Amino acid sequence: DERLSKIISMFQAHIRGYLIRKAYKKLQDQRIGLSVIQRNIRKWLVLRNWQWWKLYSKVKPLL
Amino acid sequence: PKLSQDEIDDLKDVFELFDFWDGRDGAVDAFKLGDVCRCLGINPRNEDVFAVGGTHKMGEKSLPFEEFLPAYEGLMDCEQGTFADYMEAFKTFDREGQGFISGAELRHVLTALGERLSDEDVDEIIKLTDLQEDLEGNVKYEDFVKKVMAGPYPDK
Amino acid sequence: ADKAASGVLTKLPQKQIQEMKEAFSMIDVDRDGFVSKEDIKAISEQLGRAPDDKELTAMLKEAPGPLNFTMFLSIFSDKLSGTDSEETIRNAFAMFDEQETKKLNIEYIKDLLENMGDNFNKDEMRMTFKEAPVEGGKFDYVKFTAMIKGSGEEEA
Ligand SMILES: [Ca+2]
Ligand SMILES: [Mg+2]
């Protein structure tokens with residue numbers, strides 16, 4: 001009864017553990033991925049606001 | 001307690017990943033305290049996690065690393081089910097005594113009893129354990145218990 | 001130099017380095033081989049609103065020494081160095097596109113960028129999506145990666 005209930009919950013906890021541990025590698029890979037995205041977009045944003053890039057960009061069409 | 005100080009760095013690595021996932025700021029949402037611990041190899045029940053500070057939903061409390069220390073320590077002492085208990089549990093649902101439980105009965109115990117799981121969680125564990133029903137719609141619960149206990153990479 | 005040249009072990013592809021050389025030639029108004037505050041002002045006025053003298057002086061300051069082509073290429077490669085390849089960025093995005101649709105739901109990508117990892121601030125968000133290729137509520141990351149890496153969609 002209360003014992004059965006506890007045992008069942010412990011089994012569900014094993015399941016909860018399994019699922020989250022399974023998801024771990026994907027979360028690690030994705031942190032790498034989101035890091036790359038965030039970093040390169042920012043680099044792009046900084047570049048776009050760099051006067052030299054603004055000058056270079058406006059000049060290109062004449063090449 | 002006597003954490004290997006390796007289990008401390010382990011916790012540091014897990015903490016950093018979760019911190020990153022809800023905004024890298026040196027704090028992890030308390031709703032994720034249980035999942036952090038689960039990543040370290042333990043299987044706390046909901047009730048165990050709440051008792052050490054885990055919250056019921058995202059956006060209530062955020063915790064720093066040092067808060068995770070006593071919590072993780074406390075959870076290690078949490079009772080973990082044994083194969084004997086699991087077989088004794090499922091046996092009660094085996095009227096025939098042949099080691100079978102219907103896929104439906106299994107989904108029922110998992111989503112309606114104890115600290116209930118979602119139908120989506122059940123879907124995922126059934127899929128990950130590659131659990132198959134026989135022609136009659138039944139499953140061998142011993143196999144399922146073993147698969148669940150062994151882990152996602154299969155010796156855990 | 002005036003046609004083909006490298007100051008360094010800058011790792012810029014020969015094709016871009018050649019572009020830069022030709023831009024350099026146009027930028028160097030008086031065609032003497034160096035880019036002075038005068039050349040920068042003239043070519044700018046020619047092409048639209050020129051930055052103010054303060055800005056003109058501040059960009060010339062970035063070149064510690066005669067601003068010849070070597071120096072020009074030097075400040076551009078230092079600026080462009082240490083970024084990921086189109087392929088790496090694309091795969092990064094694909095990690096959140098399991099079904100390989102080649103797109104991401106616009107709210108999902110906005111949520112990833114603003115609320116996870118190293119949160120983008122409101123201005124970064126605004127600047128990022130003003131340029132973003134979005135249609136049907138789908139952010140085209142393959143086009144977007146093409147754009148930011150220059151092999152794409154920013155202009156023209
Ligand atoms: Ca955080
Ligand atoms: Mg000149």
# chains A, B, ... in the order shown; residues from 1 in each chain; ligands from 1
>>> residues_near_ligand(ligand="ligand 1", cutoff="12 Å", atoms="only C-alpha atoms and all ligand atoms", output="NGL selection string")
(:B and (14-33 or 58-59 or 61-65)) or (:C and (115-119))
>>> write_last_selection(atoms="C-alpha atoms", output="compact mmCIF listing (two decimals), in the first residue's frame")
# COMPACT_ATOMS: atom_id res chain seq x y z
CA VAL B 14 26.82 19.98 -14.25
CA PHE B 15 26.00 23.23 -12.49
CA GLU B 16 27.83 25.25 -15.15
CA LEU B 17 25.88 23.53 -17.93
CA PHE B 18 22.50 24.23 -16.34
CA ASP B 19 23.54 27.76 -15.40
CA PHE B 20 24.29 28.30 -19.03
CA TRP B 21 20.89 26.92 -20.05
CA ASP B 22 18.72 29.30 -18.06
CA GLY B 23 21.05 32.24 -18.66
CA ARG B 24 24.74 32.10 -17.73
CA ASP B 25 24.93 34.10 -14.51
CA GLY B 26 26.26 31.76 -11.86
CA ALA B 27 22.78 30.67 -10.74
CA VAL B 28 20.59 27.67 -11.62
CA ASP B 29 16.79 27.80 -11.30
CA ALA B 30 15.72 25.77 -8.25
CA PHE B 31 13.29 23.93 -10.46
CA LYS B 32 16.34 22.27 -12.02
CA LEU B 33 18.07 21.26 -8.78
CA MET B 58 10.56 27.54 -13.14
CA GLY B 59 10.89 31.18 -12.17
CA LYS B 61 14.05 30.81 -7.00
CA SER B 62 17.52 30.71 -8.42
CA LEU B 63 20.42 29.11 -6.59
CA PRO B 64 24.24 29.60 -6.59
CA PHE B 65 26.74 26.74 -6.60
CA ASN C 115 16.93 33.82 -22.62
CA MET C 116 19.67 31.18 -22.75
CA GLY C 117 23.44 31.00 -22.85
CA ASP C 118 25.03 34.47 -22.87
CA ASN C 119 21.80 36.38 -23.24
>>> interface_residues(of="chain A", to="chain C", cutoff="12 Å", atoms="only C-alpha atoms", output="PDB file with N, CA and C atoms, in the first residue's frame")
ATOM      1  N   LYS A  25      24.025  14.608 -22.860  1.00  0.00           N
ATOM      2  CA  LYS A  25      24.948  14.796 -23.984  1.00  0.00           C
ATOM      3  C   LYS A  25      24.414  15.829 -24.984  1.00  0.00           C
ATOM      4  N   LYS A  26      23.111  15.773 -25.253  1.00  0.00           N
ATOM      5  CA  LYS A  26      22.504  16.714 -26.184  1.00  0.00           C
ATOM      6  C   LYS A  26      22.583  18.128 -25.580  1.00  0.00           C
ATOM      7  N   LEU A  27      22.326  18.263 -24.279  1.00  0.00           N
ATOM      8  CA  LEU A  27      22.425  19.596 -23.678  1.00  0.00           C
ATOM      9  C   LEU A  27      23.856  20.125 -23.767  1.00  0.00           C
ATOM     10  N   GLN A  28      24.845  19.256 -23.555  1.00  0.00           N
ATOM     11  CA  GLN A  28      26.254  19.693 -23.651  1.00  0.00           C
ATOM     12  C   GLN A  28      26.574  20.130 -25.084  1.00  0.00           C
ATOM     13  N   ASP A  29      26.151  19.327 -26.056  1.00  0.00           N
ATOM     14  CA  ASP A  29      26.408  19.657 -27.464  1.00  0.00           C
ATOM     15  C   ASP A  29      25.723  20.964 -27.825  1.00  0.00           C
ATOM     16  N   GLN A  30      24.483  21.130 -27.361  1.00  0.00           N
ATOM     17  CA  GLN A  30      23.756  22.353 -27.682  1.00  0.00           C
ATOM     18  C   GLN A  30      24.360  23.606 -27.053  1.00  0.00           C
ATOM     19  N   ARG A  31      24.953  23.478 -25.867  1.00  0.00           N
ATOM     20  CA  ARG A  31      25.561  24.656 -25.238  1.00  0.00           C
ATOM     21  C   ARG A  31      26.679  25.100 -26.137  1.00  0.00           C
ATOM     22  N   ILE A  32      27.384  24.130 -26.705  1.00  0.00           N
ATOM     23  CA  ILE A  32      28.469  24.457 -27.610  1.00  0.00           C
ATOM     24  C   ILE A  32      27.887  25.161 -28.825  1.00  0.00           C
ATOM     25  N   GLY A  33      26.824  24.576 -29.352  1.00  0.00           N
ATOM     26  CA  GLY A  33      26.168  25.163 -30.510  1.00  0.00           C
ATOM     27  C   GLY A  33      25.639  26.564 -30.241  1.00  0.00           C
ATOM     28  N   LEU A  34      24.887  26.759 -29.157  1.00  0.00           N
ATOM     29  CA  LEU A  34      24.351  28.104 -28.873  1.00  0.00           C
ATOM     30  C   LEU A  34      25.524  29.073 -28.639  1.00  0.00           C
ATOM     31  N   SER A  35      26.598  28.580 -28.030  1.00  0.00           N
ATOM     32  CA  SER A  35      27.754  29.453 -27.796  1.00  0.00           C
ATOM     33  C   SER A  35      28.317  29.951 -29.099  1.00  0.00           C
ATOM     34  N   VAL A  36      28.474  29.040 -30.052  1.00  0.00           N
ATOM     35  CA  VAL A  36      28.976  29.415 -31.368  1.00  0.00           C
ATOM     36  C   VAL A  36      28.040  30.452 -32.001  1.00  0.00           C
ATOM     37  N   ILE A  37      26.740  30.172 -31.998  1.00  0.00           N
ATOM     38  CA  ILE A  37      25.790  31.124 -32.590  1.00  0.00           C
ATOM     39  C   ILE A  37      25.882  32.511 -31.928  1.00  0.00           C
ATOM     40  N   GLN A  38      25.758  32.560 -30.613  1.00  0.00           N
ATOM     41  CA  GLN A  38      25.791  33.831 -29.928  1.00  0.00           C
ATOM     42  C   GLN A  38      27.071  34.599 -30.225  1.00  0.00           C
ATOM     43  N   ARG A  39      28.197  33.898 -30.165  1.00  0.00           N
ATOM     44  CA  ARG A  39      29.502  34.516 -30.409  1.00  0.00           C
ATOM     45  C   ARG A  39      29.689  35.084 -31.819  1.00  0.00           C
ATOM     46  N   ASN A  40      29.358  34.299 -32.839  1.00  0.00           N
ATOM     47  CA  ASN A  40      29.570  34.778 -34.199  1.00  0.00           C
ATOM     48  C   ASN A  40      28.601  35.871 -34.641  1.00  0.00           C
ATOM     49  N   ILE A  41      27.388  35.857 -34.108  1.00  0.00           N
ATOM     50  CA  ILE A  41      26.441  36.902 -34.451  1.00  0.00           C
ATOM     51  C   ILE A  41      26.980  38.192 -33.829  1.00  0.00           C
ATOM     52  N   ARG A  42      27.452  38.118 -32.592  1.00  0.00           N
ATOM     53  CA  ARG A  42      27.972  39.312 -31.945  1.00  0.00           C
ATOM     54  C   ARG A  42      29.163  39.843 -32.736  1.00  0.00           C
ATOM     55  N   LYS A  43      30.060  38.948 -33.130  1.00  0.00           N
ATOM     56  CA  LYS A  43      31.204  39.370 -33.931  1.00  0.00           C
ATOM     57  C   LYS A  43      30.692  40.094 -35.173  1.00  0.00           C
ATOM     58  N   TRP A  44      29.643  39.553 -35.790  1.00  0.00           N
ATOM     59  CA  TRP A  44      29.087  40.157 -36.994  1.00  0.00           C
ATOM     60  C   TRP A  44      28.506  41.535 -36.687  1.00  0.00           C
ATOM     61  N   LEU A  45      27.845  41.644 -35.541  1.00  0.00           N
ATOM     62  CA  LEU A  45      27.252  42.904 -35.120  1.00  0.00           C
ATOM     63  C   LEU A  45      28.349  43.960 -34.884  1.00  0.00           C
ATOM     64  N   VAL A  46      29.425  43.573 -34.203  1.00  0.00           N
ATOM     65  CA  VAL A  46      30.535  44.485 -33.966  1.00  0.00           C
ATOM     66  C   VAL A  46      31.140  44.931 -35.307  1.00  0.00           C
ATOM     67  N   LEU A  47      31.376  43.980 -36.207  1.00  0.00           N
ATOM     68  CA  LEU A  47      31.959  44.289 -37.504  1.00  0.00           C
ATOM     69  C   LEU A  47      31.126  45.318 -38.264  1.00  0.00           C
ATOM     70  N   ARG A  48      29.811  45.101 -38.278  1.00  0.00           N
ATOM     71  CA  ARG A  48      28.870  45.979 -38.964  1.00  0.00           C
ATOM     72  C   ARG A  48      28.930  47.407 -38.446  1.00  0.00           C
ATOM     73  N   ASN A  49      29.308  47.564 -37.188  1.00  0.00           N
ATOM     74  CA  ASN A  49      29.402  48.893 -36.614  1.00  0.00           C
ATOM     75  C   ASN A  49      30.820  49.473 -36.601  1.00  0.00           C
ATOM     76  N   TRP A  50      31.764  48.756 -37.207  1.00  0.00           N
ATOM     77  CA  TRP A  50      33.155  49.215 -37.289  1.00  0.00           C
ATOM     78  C   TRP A  50      33.267  50.166 -38.497  1.00  0.00           C
ATOM     79  N   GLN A  51      33.670  51.423 -38.270  1.00  0.00           N
ATOM     80  CA  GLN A  51      33.767  52.406 -39.360  1.00  0.00           C
ATOM     81  C   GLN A  51      34.535  51.893 -40.562  1.00  0.00           C
ATOM     82  N   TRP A  52      35.621  51.162 -40.315  1.00  0.00           N
ATOM     83  CA  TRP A  52      36.395  50.644 -41.424  1.00  0.00           C
ATOM     84  C   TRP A  52      35.567  49.649 -42.250  1.00  0.00           C
ATOM     85  N   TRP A  53      34.720  48.857 -41.598  1.00  0.00           N
ATOM     86  CA  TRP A  53      33.904  47.911 -42.345  1.00  0.00           C
ATOM     87  C   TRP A  53      32.815  48.677 -43.084  1.00  0.00           C
ATOM     88  N   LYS A  54      32.326  49.745 -42.473  1.00  0.00           N
ATOM     89  CA  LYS A  54      31.304  50.556 -43.122  1.00  0.00           C
ATOM     90  C   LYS A  54      31.886  51.163 -44.403  1.00  0.00           C
ATOM     91  N   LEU A  55      33.111  51.674 -44.305  1.00  0.00           N
ATOM     92  CA  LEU A  55      33.794  52.258 -45.453  1.00  0.00           C
ATOM     93  C   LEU A  55      34.084  51.205 -46.516  1.00  0.00           C
ATOM     94  N   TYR A  56      34.612  50.073 -46.087  1.00  0.00           N
ATOM     95  CA  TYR A  56      34.930  48.998 -47.011  1.00  0.00           C
ATOM     96  C   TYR A  56      33.687  48.522 -47.752  1.00  0.00           C
ATOM     97  N   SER A  57      32.595  48.344 -47.015  1.00  0.00           N
ATOM     98  CA  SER A  57      31.347  47.876 -47.586  1.00  0.00           C
ATOM     99  C   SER A  57      30.735  48.803 -48.628  1.00  0.00           C
ATOM    100  N   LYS A  58      30.768  50.108 -48.362  1.00  0.00           N
ATOM    101  CA  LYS A  58      30.242  51.115 -49.282  1.00  0.00           C
ATOM    102  C   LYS A  58      31.095  51.229 -50.535  1.00  0.00           C
ATOM    103  N   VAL A  59      32.363  50.875 -50.406  1.00  0.00           N
ATOM    104  CA  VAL A  59      33.316  51.020 -51.505  1.00  0.00           C
ATOM    105  C   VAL A  59      33.281  49.831 -52.472  1.00  0.00           C
ATOM    106  N   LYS A  60      32.982  48.649 -51.945  1.00  0.00           N
ATOM    107  CA  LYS A  60      32.949  47.430 -52.748  1.00  0.00           C
ATOM    108  C   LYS A  60      32.273  47.499 -54.118  1.00  0.00           C
ATOM    109  N   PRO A  61      31.022  47.987 -54.177  1.00  0.00           N
ATOM    110  CA  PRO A  61      30.275  48.091 -55.432  1.00  0.00           C
ATOM    111  C   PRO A  61      31.034  48.753 -56.581  1.00  0.00           C
ATOM    112  N   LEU A  62      32.063  49.518 -56.247  1.00  0.00           N
ATOM    113  CA  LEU A  62      32.842  50.216 -57.255  1.00  0.00           C
ATOM    114  C   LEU A  62      34.060  49.418 -57.727  1.00  0.00           C
ATOM    115  N   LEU A  63      34.228  48.200 -57.213  1.00  0.00           N
ATOM    116  CA  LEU A  63      35.379  47.371 -57.576  1.00  0.00           C
ATOM    117  C   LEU A  63      35.205  46.484 -58.813  1.00  0.00           C
TER     118      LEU A  63
END
>>> residues_near_ligand(ligand="ligand 2", cutoff="8 Å", atoms="only C-alpha atoms and all ligand atoms", output="PDB file with N, CA, C and O atoms, in the first residue's frame")
ATOM      1  N   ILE C  27      39.941  53.877 -51.906  1.00  0.00           N
ATOM      2  CA  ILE C  27      40.011  54.613 -50.643  1.00  0.00           C
ATOM      3  C   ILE C  27      41.162  55.631 -50.633  1.00  0.00           C
ATOM      4  O   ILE C  27      41.028  56.739 -50.107  1.00  0.00           O
ATOM      5  N   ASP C  28      42.291  55.244 -51.229  1.00  0.00           N
ATOM      6  CA  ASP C  28      43.465  56.105 -51.309  1.00  0.00           C
ATOM      7  C   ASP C  28      43.282  57.062 -52.489  1.00  0.00           C
ATOM      8  O   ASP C  28      43.912  56.926 -53.540  1.00  0.00           O
ATOM      9  N   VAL C  29      42.385  58.032 -52.275  1.00  0.00           N
ATOM     10  CA  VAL C  29      42.041  59.073 -53.245  1.00  0.00           C
ATOM     11  C   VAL C  29      43.188  59.686 -54.033  1.00  0.00           C
ATOM     12  O   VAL C  29      43.210  59.611 -55.262  1.00  0.00           O
ATOM     13  N   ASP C  30      44.146  60.290 -53.336  1.00  0.00           N
ATOM     14  CA  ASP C  30      45.259  60.914 -54.027  1.00  0.00           C
ATOM     15  C   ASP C  30      46.190  59.941 -54.744  1.00  0.00           C
ATOM     16  O   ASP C  30      47.176  60.352 -55.359  1.00  0.00           O
ATOM     17  N   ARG C  31      45.867  58.648 -54.662  1.00  0.00           N
ATOM     18  CA  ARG C  31      46.660  57.624 -55.321  1.00  0.00           C
ATOM     19  C   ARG C  31      48.158  57.790 -55.122  1.00  0.00           C
ATOM     20  O   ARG C  31      48.919  57.914 -56.077  1.00  0.00           O
ATOM     21  N   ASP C  32      48.566  57.777 -53.853  1.00  0.00           N
ATOM     22  CA  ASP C  32      49.957  57.916 -53.482  1.00  0.00           C
ATOM     23  C   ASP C  32      50.431  56.682 -52.712  1.00  0.00           C
ATOM     24  O   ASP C  32      51.604  56.576 -52.348  1.00  0.00           O
ATOM     25  N   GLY C  33      49.499  55.762 -52.446  1.00  0.00           N
ATOM     26  CA  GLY C  33      49.849  54.550 -51.716  1.00  0.00           C
ATOM     27  C   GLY C  33      49.562  54.514 -50.226  1.00  0.00           C
ATOM     28  O   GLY C  33      49.836  53.514 -49.562  1.00  0.00           O
ATOM     29  N   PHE C  34      49.031  55.607 -49.691  1.00  0.00           N
ATOM     30  CA  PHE C  34      48.714  55.689 -48.270  1.00  0.00           C
ATOM     31  C   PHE C  34      47.316  56.274 -48.090  1.00  0.00           C
ATOM     32  O   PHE C  34      46.856  57.049 -48.927  1.00  0.00           O
ATOM     33  N   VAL C  35      46.639  55.898 -47.008  1.00  0.00           N
ATOM     34  CA  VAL C  35      45.289  56.395 -46.732  1.00  0.00           C
ATOM     35  C   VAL C  35      45.306  57.402 -45.588  1.00  0.00           C
ATOM     36  O   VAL C  35      45.498  57.038 -44.429  1.00  0.00           O
ATOM     37  N   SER C  36      45.139  58.674 -45.932  1.00  0.00           N
ATOM     38  CA  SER C  36      45.137  59.758 -44.953  1.00  0.00           C
ATOM     39  C   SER C  36      43.721  60.202 -44.602  1.00  0.00           C
ATOM     40  O   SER C  36      42.771  59.843 -45.296  1.00  0.00           O
ATOM     41  N   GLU C  38      42.429  62.692 -45.201  1.00  0.00           N
ATOM     42  CA  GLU C  38      41.923  63.388 -46.370  1.00  0.00           C
ATOM     43  C   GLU C  38      41.301  62.421 -47.372  1.00  0.00           C
ATOM     44  O   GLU C  38      40.234  62.690 -47.923  1.00  0.00           O
ATOM     45  N   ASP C  39      41.964  61.292 -47.613  1.00  0.00           N
ATOM     46  CA  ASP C  39      41.428  60.306 -48.546  1.00  0.00           C
ATOM     47  C   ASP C  39      40.125  59.743 -47.984  1.00  0.00           C
ATOM     48  O   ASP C  39      39.133  59.630 -48.704  1.00  0.00           O
TER      49      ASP C  39
END
>>> interface_residues(of="chain B", to="chain A", cutoff="8 Å", atoms="only C-alpha atoms", output="number ranges by chain")
B: 17, 20-21, 35, 38-39, 41-46, 80-81, 85-86, 89, 109-110, 113-117, 121, 124-125, 148-149, 151-153
>>> write_last_selection(atoms="N, CA and C atoms", output="compact mmCIF listing (two decimals), in the first residue's frame")
# COMPACT_ATOMS: atom_id res chain seq x y z
N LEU B 17 26.68 23.78 -16.73
CA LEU B 17 25.88 23.53 -17.93
C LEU B 17 24.47 24.07 -17.74
N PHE B 20 24.28 27.83 -17.67
CA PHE B 20 24.29 28.30 -19.03
C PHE B 20 22.88 28.19 -19.61
N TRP B 21 22.20 27.06 -19.41
CA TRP B 21 20.89 26.92 -20.05
C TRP B 21 19.70 27.76 -19.60
N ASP B 35 17.18 17.83 -11.44
CA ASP B 35 17.78 17.36 -12.69
C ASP B 35 19.29 17.45 -12.62
N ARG B 38 20.31 14.45 -10.77
CA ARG B 38 20.09 13.27 -11.58
C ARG B 38 21.22 13.07 -12.56
N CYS B 39 21.83 14.17 -13.01
CA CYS B 39 22.94 14.10 -13.97
C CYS B 39 24.19 13.53 -13.33
N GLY B 41 24.16 10.97 -11.40
CA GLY B 41 23.96 9.56 -11.13
C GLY B 41 22.94 9.12 -10.10
N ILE B 42 22.27 10.04 -9.43
CA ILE B 42 21.31 9.58 -8.45
C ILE B 42 19.87 9.75 -8.92
N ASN B 43 18.96 9.00 -8.31
CA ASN B 43 17.54 9.00 -8.68
C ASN B 43 16.61 9.46 -7.58
N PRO B 44 16.64 10.76 -7.29
CA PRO B 44 15.77 11.24 -6.22
C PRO B 44 14.31 11.29 -6.60
N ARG B 45 13.44 11.02 -5.64
CA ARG B 45 12.02 11.12 -5.90
C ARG B 45 11.76 12.61 -5.81
N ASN B 46 10.65 13.03 -6.41
CA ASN B 46 10.20 14.41 -6.36
C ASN B 46 10.30 14.90 -4.92
N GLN B 80 17.01 4.47 -2.73
CA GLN B 80 16.91 4.13 -4.14
C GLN B 80 16.32 2.73 -4.22
N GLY B 81 15.34 2.53 -5.10
CA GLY B 81 14.72 1.22 -5.24
C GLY B 81 15.69 0.13 -5.69
N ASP B 85 12.53 -4.91 -4.91
CA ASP B 85 11.34 -4.08 -4.66
C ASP B 85 10.53 -3.89 -5.98
N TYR B 86 11.21 -3.58 -7.08
CA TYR B 86 10.54 -3.36 -8.36
C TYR B 86 9.79 -4.60 -8.81
N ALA B 89 6.93 -4.96 -6.62
CA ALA B 89 5.89 -3.99 -7.00
C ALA B 89 5.05 -4.51 -8.18
N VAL B 109 0.13 2.29 -14.29
CA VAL B 109 0.88 2.44 -13.04
C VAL B 109 1.84 3.62 -13.05
N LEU B 110 2.47 3.83 -14.20
CA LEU B 110 3.43 4.90 -14.36
C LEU B 110 2.85 6.30 -14.40
N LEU B 113 -0.19 6.16 -10.67
CA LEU B 113 0.20 5.83 -9.30
C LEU B 113 1.49 6.53 -8.85
N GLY B 114 1.82 6.38 -7.56
CA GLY B 114 3.02 7.00 -7.01
C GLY B 114 3.19 8.46 -7.43
N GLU B 115 4.43 8.89 -7.62
CA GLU B 115 4.71 10.24 -8.08
C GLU B 115 4.61 10.17 -9.61
N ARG B 116 3.37 10.14 -10.08
CA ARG B 116 3.03 10.06 -11.49
C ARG B 116 3.93 10.70 -12.55
N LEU B 117 4.15 9.99 -13.65
CA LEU B 117 4.94 10.51 -14.76
C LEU B 117 3.94 11.00 -15.81
N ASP B 121 6.55 11.38 -20.82
CA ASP B 121 7.71 10.74 -20.18
C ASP B 121 7.63 9.24 -20.42
N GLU B 124 8.61 8.48 -23.86
CA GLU B 124 10.05 8.53 -24.04
C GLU B 124 10.80 7.33 -23.42
N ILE B 125 10.46 6.90 -22.20
CA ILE B 125 11.16 5.76 -21.61
C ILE B 125 10.85 4.47 -22.40
N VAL B 148 15.44 -0.14 -17.40
CA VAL B 148 15.36 1.13 -16.70
C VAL B 148 16.52 1.28 -15.69
N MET B 149 16.78 0.24 -14.91
CA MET B 149 17.83 0.30 -13.91
C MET B 149 19.23 0.45 -14.46
N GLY B 151 20.25 2.03 -17.24
CA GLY B 151 20.58 3.38 -17.66
C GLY B 151 20.52 3.61 -19.17
N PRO B 152 20.71 4.87 -19.62
CA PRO B 152 20.70 5.18 -21.05
C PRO B 152 21.93 4.68 -21.75
N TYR B 153 23.08 4.79 -21.16
CA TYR B 153 24.18 4.03 -21.78
C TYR B 153 24.13 2.77 -20.84
>>> closest_residue(among="C:57, C:68, C:121, C:77", to="residue 8 (chain C)", atoms="only C-alpha atoms")
C:77
>>> atom_distance(atom1="CA of residue 107 (chain B)", atom2="CA of residue 36 (chain B)")
26.3 Å
>>> atom_distance(atom1="CA of residue 123 (chain B)", atom2="CA of residue 93 (chain B)")
20.3 Å
>>> select_by_dssp(residues="chain B", states="strand (DSSP E)", output="JSON, numbers by chain")
{"B": [28, 29, 62, 63, 100, 101, 102, 138, 139, 140]}
>>> atom_distance(atom1="CA of residue 104 (chain C)", atom2="CA of residue 125 (chain C)")
15.9 Å
>>> select_by_dssp(residues="chain C", states="alpha helix (DSSP H)", output="PyMOL selection string")
chain C and resi 14-27+37-47+53-60+69-80+86-94+106-115+122-131+141-148
